[PDB]
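Both backbone and side-chain heavy atoms feed into the values below; hydrogens, waters and symmetry mates do not. Counting starts at 1 for both ligands and their atoms, following the listed order. Counting from 1, the numbers follow the sequence of the chain as shown.
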Amino acid sequence: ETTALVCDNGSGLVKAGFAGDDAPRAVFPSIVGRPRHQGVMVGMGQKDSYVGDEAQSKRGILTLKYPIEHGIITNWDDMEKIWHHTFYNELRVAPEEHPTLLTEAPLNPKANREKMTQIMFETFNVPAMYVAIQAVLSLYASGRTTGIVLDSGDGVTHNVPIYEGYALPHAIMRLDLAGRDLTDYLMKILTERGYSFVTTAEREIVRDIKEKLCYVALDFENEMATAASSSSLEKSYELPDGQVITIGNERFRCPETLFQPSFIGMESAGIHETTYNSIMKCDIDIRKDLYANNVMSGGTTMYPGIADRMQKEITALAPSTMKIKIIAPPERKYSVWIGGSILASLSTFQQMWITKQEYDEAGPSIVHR
Ligand SMILES: Nc1ncnc2c1ncn2[C@@H]1O[C@H](COP(=O)(O)OP(=O)(O)O)[C@@H](O)[C@H]1O
Ligand SMILES: [Ca+2]
Ligand SMILES: [Ca+2]
Ligand SMILES: [Ca+2]
Ligand SMILES: [Ca+2]
Ligand SMILES: [Ca+2]
Ligand SMILES: [Ca+2]
């Protein structure tokens, strides 16, 4: 036992690295691609499968799969390929030398955590492992053990209330909208101005425009009203062919979808309503602690303006005397991984790891509680 590994299994991105590093060394797409024809398989190099950017480059030829599409792992043969890629191709480690901490989505079934554990020990021969809930790790990365996390990533968004380290399962809310939807919606709305962003390459360009220029308006209708005379709304962006496009109200219309899912044709409540609905499914006596500790996590919470908008919307739904605080750490794109890194580097607590001997002696029930 020397250096622990942290693997945050994201719906769109795997974040992995060594405990104790400040950020993950390896970040790649959680996609597996498989040829559909034997001749194509052999002609492209005899590889049975491709993972990450290699898989994405071969789209249209390979069948792509997202084995963690909405945060829960649904295909174990594909997941084994992602973990093999993580260990051998990205981190370049021998997994049998490292205790490995894995993350899991809110509401992950016990049988799913058991299958994750079985693969780590039987397939990769890790010496020890541990599974932690992603939102709890993000709460720890913010330095608290009580609070409600809003975690918006690539394929899913959750609201997870947590009391003294315990996620309250009956109050967890899941919204199947997150960054991949926002990138698709920005491609569509830019195509409204006479531009054309439709190819794989164009989606990557639009993902860059989203991450660099979008923001959350404090009020959508008033921001639209200010747009005509604003001297700072319009931004220019140079494309790869040297053309320059102008982006204006699309900067805030795109992320407005998190608060108004009807923009992409979803009937769901927006993230401020799900936050409130989650707090109201908790014991009345812990709500004050949740309202004062709303922690944002995940890549899709990176927009400038999001904390102020969430403060405004939550204030409008909560009792008038309620103290409301939104915490949006600067490193929140990686706060799940960072929480895992903090936890896995606490060698004083090395007995919390599940070792291979313990698993062999106790069975699959050992990874829970
Ligand atoms: N600065 C940013 N602004 C807006 N979205 C961002 C930013 N940085 C990353 N994202 C988006 O966040 C998503 C990835 O977030 P992440 O928390 O890693 O997701 P997951 O864990 O579900 O894979 C992608 O959709 C990405 O485009
Ligand atoms: Ca995630
Ligand atoms: Ca990468
Ligand atoms: Ca084109
Ligand atoms: Ca309004
Ligand atoms: Ca619909
Ligand atoms: Ca132990």
I'd like to know if [X] and [Y] make a salt bridge, using a cut-off of under 4.0 Å between side-chain N and carboxylate O.
X      : Y      : answer
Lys356 : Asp360 : yes
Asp208 : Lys210 : no
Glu54  : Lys58  : no

Between [X] and [Y], is any side-chain donor less than 3.5 angstrom from a side-chain acceptor?
X      : Y      : result
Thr301 : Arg332 : yes
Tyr276 : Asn159 : no
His158 : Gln134 : no

What's the shortest distance from [atom] to any protein heavy atom, and which residue and atom give it?
atom                    : value
atom 8 (N) of ligand 1  : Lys333 NZ, 3.2 Å
atom 2 (C) of ligand 1  : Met302 CB, 3.5 Å
atom 18 (O) of ligand 1 : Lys15 NZ, 2.7 Å
atom 22 (O) of ligand 1 : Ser11 OG, 2.5 Å
atom 13 (C) of ligand 1 : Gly153 O, 3.7 Å
atom 5 (N) of ligand 1  : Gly299 O, 3.2 Å

In terms of atom number and element, which parts of ligand 1 are under 4.0 angstrom from non-hydrogen atoms of [X]?
X      : answer
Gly298 : 17 (O)
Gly12  : 20 (P), 22 (O), 23 (O)
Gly179 : 25 (O)

* Are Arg253 and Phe220 in a cation-pi contact, defined as NZ or CZ under 6.0 Å from the six-membered ring centre and within 45° of the axis? -> no
* Please find out if less than 6.0 Å separates the ring center of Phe349 from that of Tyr130. =>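 No, the ring centres sit 6.0 Å or more apart.
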* Please check if the distance between the ring centroids of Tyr303 and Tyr215 is under 6.0 Å. =>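 Not close enough - the centres of the two rings lie 6.0 Å or further apart.
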* Have a look at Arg207, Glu211, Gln134 and point out the one with the heavy atom closest to atom 26 (C) of ligand 1. =>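 That would be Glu211.
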* **The one among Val14, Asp154, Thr301 that brings a heavy atom closest to atom 19 (O) of ligand 1** =>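 The nearest heavy atom belongs to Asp154.
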* Quick one: sort the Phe124 and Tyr88 rings into parallel, tilted or perpendicular, breaks at 30° and 60°. =>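 Taking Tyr88 first and then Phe124, their aromatic rings sit tilted (interplane angle of 30° to 60°).
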* Parallel under 30°, tilted from 30 to 60°, perpendicular over 60°: which one fits the rings of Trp83 and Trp76? -> tilted
* Should we say atom CZ of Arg92 is surrounded by more than 12 heavy atoms from elsewhere, each under 6.0 Å from it? -> no
* **Atom nearest to the Ca ion (ligand 4) - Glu202, N, O or S atoms considered** =>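 Answer by atom name: OE2.
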* **Protein N, O or S atoms lying under 3.0 Å from the Ca ion (ligand 7), listed by chain and number** => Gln351 O, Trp353 O, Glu358 OE1, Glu358 OE2
* Under 4.0 angstrom from ligand 1, any heavy atom of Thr300? -> yes
